[PDB]
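> Partial complex follows, first chain(s) only, in situ:
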Amino acid sequence: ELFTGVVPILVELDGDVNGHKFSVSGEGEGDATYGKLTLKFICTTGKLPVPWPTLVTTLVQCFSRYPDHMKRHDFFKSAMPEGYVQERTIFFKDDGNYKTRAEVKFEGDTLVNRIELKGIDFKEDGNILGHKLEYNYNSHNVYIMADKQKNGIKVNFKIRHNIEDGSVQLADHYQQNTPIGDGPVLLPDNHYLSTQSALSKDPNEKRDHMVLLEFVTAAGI
């Protein structure tokens, strides 16, 4: 019953991409029982140097709806409330790469996801730094597998960001999660997470930001 109700969420990211330093603070709430996520992110350091869509996977998979018969495969919720470290190496096809480390744990009533991001090799003529990506999102299947030795899971999927000239920027994701505590955690059978995401703005919001709504449901078992 840690996630049985609507849980408040706080996201804090400090990043660095080709020297361009910035920060993003996010607020929202998620309903696990429904896999619904509702968040708002403001770029507290001015104008975001990178497209908002490229930070979507970075800025809380524990809010996924795991159907009843899969509750024994929910590593995310089983690491709570102590948490898990989420690391990723995301490769933007024919452009730079992001390296992010984040710890997502409960801090009282709020589920907090603190992250650090470093991105490099981004061409200044590229989609990413060129800001040639459209403000929208597709739906992908996120693949999970247990990592026995490390006592976590290995996750992996490819994101397809849309470019304004009907092209598609691919972004390969290499993700790993380990619990932060020493208590046993649920190591799951192979399965994926079907996730849908939608980006919108906010009229009454003056600062640079992104509104993100997202639905996630576990499957493959």
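All right, it came through fine. Numbering: from 1, shown residues only, chains lettered A, B, ... in the order given.

> from here on, contacts and neighbour counts on C-alpha atoms
OK.

> check which helix or strand covers the residue nearest to the spatial centre of chain A.
Among the residues of chain A, the one closest to the centroid is residue A:57, at 3.2 Å (CA atoms, centre = their mean). With elements delineated by DSSP states H and E, residue A:57 resides in a region that no helix or strand encompasses.

> Residue A:197 is in contact with residue A:213, correct?
Yes - under the criterion of CA atoms under 8 Å, residue A:213 makes contact with residue A:197 at 5.9 Å.

> measure the residue nearest to the centre of chain A to residue A:173 for me?
The spacing between residue A:57 and residue A:173, counted by CA to CA, to the nearest Å, is 9 Å.

> Repeat that for residue A:198.
Shown here: residue A:198 relative to residue A:173, a distance of 19 Å by CA to CA.

> Those two: which is more packed in?
Neighbours around residue A:198 and residue A:173, counted as other CA atoms under 10 Å, are more numerous at residue A:173. The numbers are 20 against 17.

> helices or strands next to the helix or strand hosting the more buried one in the packing?
Counting by DSSP H and E, the secondary-structure element that holds residue A:173 is strand A:168-179. For strand A:168-179, the helices and strands in contact under the criterion 3 or more CA pairs under 8 Å, 6 or more residues apart in numbering; DSSP states H and E are strand A:84-92, strand A:152-162.

> Including mean neighbour count, could those go into a markdown table?
Conversion of the helices and strands packed on strand A:168-179 to a markdown table gives the following (neighbours: other CA atoms under 10 Å):
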| stretch | mean neighbour count |
| --- | --- |
| strand A:84-92 | 22 |
| strand A:152-162 | 20 |
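
> following sequence is chain B, add it:
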Amino acid sequence: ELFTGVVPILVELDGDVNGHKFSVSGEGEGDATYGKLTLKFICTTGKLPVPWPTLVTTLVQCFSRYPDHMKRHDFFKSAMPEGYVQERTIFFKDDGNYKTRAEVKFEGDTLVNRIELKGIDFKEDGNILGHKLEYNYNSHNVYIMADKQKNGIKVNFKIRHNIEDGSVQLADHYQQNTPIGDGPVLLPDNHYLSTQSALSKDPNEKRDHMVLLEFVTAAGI
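Following on from the chains above, chain B is added here:
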């Protein structure tokens, strides 16, 4: 100022696919100024014979946010409140096809979209009738062009529905819209509509249904 506020929406579809007759009633509201759409659809004839995702494009493009400098390209809103007839021939790659005719007009305070759908050639072993499609949606760019002679627009795009085995069902859309009134309507320059859609369920909803949230913004000018 017909669409300046939140407008209520009513969708009514009666369909026939390979003989399987059914009806879908939908309710919701849209905010044009924001391009946000929020609708809920119930299958009033029992269990929907076709996957809910295949009816998404069928079940009100006048709720798109047309940035200020494009208000002269908004055919949809310029046909109001009298309306427009929206016809489509959608071809499901390697499977059947849908033929839908719908009139969408204002009926008092509510924007009503009444539709008739006939689908044929759907293989019983196919994705569609086989219900092998996942309950989710991608984002596509809907292409508009004026149709001088007919006094409307020709619209066209391809939808990529996801299949549970990481495949992609393509669905070619051939759409045409003509005003219902004889007053002059705005014929637009070529441009597209960037649309994002997300499907979800509803806990307190017992009947067969689909919850659809959708963001649309005009571009290409």
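
> on that earlier part again, show me the contacts for the residue nearest to the centre of chain A.
Contacts of residue A:57 were listed using CA atoms under 8 Å, 6 or more residues apart in numbering or on different chains, and none were found.

> quick one on the thing from earlier: can you tell me if the strand holding residue A:173 touches chain B.
No - Strand A:168-179 lies apart from chain B when judged by CA under 8 Å from any CA of the partner chain; the minimum separation is 11.5 Å.

> Could you list the paired strands of that strand along with their orientation?
Strand A:168-179 has its sheet partners listed here by DSSP bridges as strand A:84-92 (antiparallel), strand A:152-162 (antiparallel).

> and residue B:133, which of those strands is closest to it?
Between residue B:133 and those, the shortest separation by CA to CA is 19.3 Å, and it involves strand A:152-162.

> Just give me the neighbour total for residue A:109.
Summarising burial for residue A:109: neighbours were counted as other CA atoms under 10 Å in any protein chain shown, giving 10.

> same thing with residue A:105?
When neighbours are counted by other CA under 10 Å, residue A:105 registers 21.

> quick one: it and chain B, what's the gap?
Residue A:105 sits 27 Å away from chain B, going by CA to the nearest CA, to the nearest Å.

> what residues does the host helix or strand of residue A:116 touch?
Of the helices and strands defined by DSSP H and E, residue A:116 is found in strand A:110-120. Contacts of strand A:110-120 with the rest of the structure, by CA under 8 Å, 6+ apart, involve A:7-18, A:58-60, A:96-106.
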